[PDB]
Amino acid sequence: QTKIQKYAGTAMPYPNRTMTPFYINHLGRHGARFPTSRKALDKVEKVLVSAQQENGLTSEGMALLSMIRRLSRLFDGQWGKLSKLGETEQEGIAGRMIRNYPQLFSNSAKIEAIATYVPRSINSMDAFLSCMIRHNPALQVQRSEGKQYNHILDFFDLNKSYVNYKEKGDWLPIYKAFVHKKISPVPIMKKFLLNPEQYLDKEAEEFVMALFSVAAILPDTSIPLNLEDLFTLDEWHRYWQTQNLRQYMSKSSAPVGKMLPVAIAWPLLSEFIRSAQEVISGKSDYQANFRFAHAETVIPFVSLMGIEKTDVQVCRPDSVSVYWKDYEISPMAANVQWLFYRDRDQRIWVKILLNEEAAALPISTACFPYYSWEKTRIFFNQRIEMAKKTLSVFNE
C-alpha cells in the first residue's frame, strides 16, 4: 500500500487482503522469511567496524553499528527460516479460501499439497494445511515434498543454459550500469561516515546496496525493529528500480534474456493443465492441488501464463519500472490460483487470481474475469509450445 512498502519489491510482505468452483489449482511462494545470506550484513558490519577503528563514524553511524551487531545476533541460526509473519500470511490465504468457498472444502473433500525440499516452503505448506484442517477436520489431505518435484518447482536450478545466463549472462553489465546510474552513495554514507568522499565508488556502492538489502528484509522477520528511515523516500524509489530491473532481466521476459528465463517454467504450466484435465475428466477427484515454492518459481510462471503486463518485453532498461512491477507479481507469499466452474450447460470456466486479484489474459471473454477453459487451455498450450521452441535454441 504505502510507497515505502512497494519499494521492498519481492521482499514486500503479502498485501492486505482482508458462484462456487469445483476445483482450485494453486501455486504459492513461501510466506515472509528471514534473510538467506549473511553477506550484506557482514559487509555493512566490516565497513562500520573498520571505520570505528579509524574514527570515521558519525553519531548515527555508531548507532547503526550497534544496531547491525544486534541483528547479527538475532539472525544467527535463523537464516532463511519462515517467520511468524510468514505463517500468518499463509493462514490468511488459506482462511480466505475456505470462507470464500466452503462447499468446495466441505464433506470429505480431497486436497493435495507439494513443496520443494526447502524448509521455509515446507513450513509454509504446513501453516496453510493446518488452517484447512482446523476449519474442516474431515478433509482428506495428501502431503508430500522434496527433490522429486525439482522439475516442476525448481526448474531454475536444473536448466544449464539458464543457470549460465543467471550467473554470467549479458544482463549483468546492464544491471551494473543501471545501479551506478541510479544510486548516489555519498549522500547516504554522509549520514554514517566522516569523509565519505575518501571511499572509492565501488566500495561505497557495495556498502549502500548491502545496507538497502538489510533494511529491505527486516519487515519479513517479525523482529520489532525497522530501518526504513536510513534512506529518504526517493532513495528507496531508486534502489527499488534497480532491484526491479535485476529481477526482470534475470527471471522474467526482458529482451536481453530472449525469453529463456520464462521458457524454463513450461513443465509447471504443463503440470497445471494436466492436473485440471484429470479433475475435469474424473481421472482425479481432488478438489484442490496446492504447491509451495519460491519467487523463482512464480515470476517465470506468471510470465509464461501471459497474465497481462507480466510478460512485456521492454527494450529500454529505464522504462521497465513503468511497465513491470515486481511487488505486484512476487511479493512475499505471492500466489496464483486457478478457480474452475461448471455453468448451467456444463461449460467449464476458469478464473485466474494473482495474489487474490483477478488477472487478465490476452484472449477475449464476454464475462470477465471468467474465461472459457477450452480457450484458455488452448492458449496455455501455445505458450508451452513457444517455450519449447525458445529452449530449442539454447540447448547448450
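All residue numbers refer to positions in the sequence shown, first residue = 1.
Between residues given as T18 and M19, how many of the deposited sequence are not built: none, 1 to 3, 4 to 9, or 10 or more? 4 to 9 residues lack coordinates between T18 and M19.
Legend entry - Mean Cα B-factor comparison, 290-298 or 173-181, giving the higher one as deposited: Comparing 173-181 with 290-298, the higher mean C-alpha B-factor belongs to 173-181.
>> Tell me which stretch has the larger mean Cα B-factor in this entry, 99-107 or 147-155.
In response: Result of the comparison: 99-107.
Using only the C-alpha B-factors in the record, can you name which of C315, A115, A276, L245 has the highest? Answer, based on the entry's C-alpha B-factors: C315.
Item to complete: Please work out which residue in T365, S330, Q337, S37 has the highest C-alpha B-factor recorded for this crystal structure.
Response: If I rank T365, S330, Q337, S37 by C-alpha B-factor, first place goes to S37.
Thinking about Cα B factors across the chain, which third does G257 belong to?
-> Lowest third, going by the recorded CA B-factors of the chain.
(request) Pull the Cα B-factor of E45 out of the PDB entry and bin it into the chain's lowest, middle or highest third. (result) Answer is highest: the recorded C-alpha B-factor places it there.
Within this chain, which third does the Cα B-factor at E356 fall in: lowest, middle or highest?
Lowest third.
### Message
Lowest, middle or highest third: which one holds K251 when the chain's residues are ordered by CA B-factor from the entry?
### Response
Lowest third - that is where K251 ends up once the chain's C-alpha B-factors are sorted.
Quick check on the deposited entry: does the C-alpha B-factor of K325 sit in the lowest, middle or highest third of its chain?
Its C-alpha B-factor, which the entry lists for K325, ranks in the lowest third among residues of this chain.
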